[PDB]
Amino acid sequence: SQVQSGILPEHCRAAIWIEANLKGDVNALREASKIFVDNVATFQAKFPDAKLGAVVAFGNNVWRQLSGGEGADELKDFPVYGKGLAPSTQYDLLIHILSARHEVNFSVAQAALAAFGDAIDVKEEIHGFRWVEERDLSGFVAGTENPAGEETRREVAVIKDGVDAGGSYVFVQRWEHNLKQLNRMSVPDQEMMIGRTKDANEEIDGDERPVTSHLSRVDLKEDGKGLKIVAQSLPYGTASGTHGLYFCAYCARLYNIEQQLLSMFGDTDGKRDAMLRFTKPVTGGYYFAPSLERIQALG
């Protein structure tokens, strides 16, 4: 089973995420998905330098229909976390496009919209960009502990066997940063909020940083085994309007993502991520990304 092309690429410069609801017959998604994955292959051949990839992924209700109820055992609608502190905006379809070249991504996004046509209702379209020094707009480097290299990224993100082999679970969550609130914090206070130093990007020892620090919330182990995810997140927005991080992660099980969210939003131990001092999530959804062979076998 071959993995969709947008899960594994590293260090992308730009992305487009489109989140949409199904308005028409669920069966219209079958032909549209095949059209789109062929478009992606054609664009990769036309723009080899772009290192383009893309993913089509499906919400719980749609995917149960498309799959006949087989597999994707962990899939569910995204719930609130923290009783609502993390909101839920579960849609039916996610299209994630990434590459070195925003302009290529834009053409690919137009192709996705042509493939799905008026069967879908676009609810969100976000254009991500890698910022200076791969920093989040807060000024902290983002991506350091992300699984590195195809071998490890496959291990973390790609389902190994059975009916879902080559697929992955996806989580997307848009955050809105209040950089004015951030900038009122001293740099040492910001560093204790994240759990790494700001300029030099060195981890602060877990025994010496707050348990509410981001790293303490999300660097989770189960009897010594890390709960890893493959992030594809990027900055987005305008300088004068809304801006933040579009969080996007892939994992061979939803479990690892969910444990991190239960931790961040106070459900596990009553403590909340210190980043909520300056940024907040405003969307959230879970999706299942089938393998390419599974997509071809739809219609």
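Start at 1 and count along the sequence shown; that's the residue number.
The question of which stretch, 200-208 or 225-233, has the higher mean Cα B factor is settled in favour of 200-208. Across the two stretches, 156-164 and 209-217, the PDB entry reports the greater mean Cα temperature factor for 156-164. If you compare the C-alpha temperature factors of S88, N146, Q181, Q173 in the entry, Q181 comes out highest.
The entry assigns its greatest Cα B factor, within the set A72, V122, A111, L98, to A72. Sorting the modelled residues of the chain by their CA temperature factor places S107 in the lowest third.
Among all modelled residues in this chain, the alpha-carbon of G284 has a temperature factor (C-alpha) in the lowest third. In this PDB entry, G84 carries a Cα temperature factor that places it within the highest third of its chain's modelled residues. Per-chain ranking of the deposited C-alpha B factor places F47 in the highest third. In the PDB entry, a CA B factor belonging to the lowest third of its chain's modelled residues is recorded for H243.
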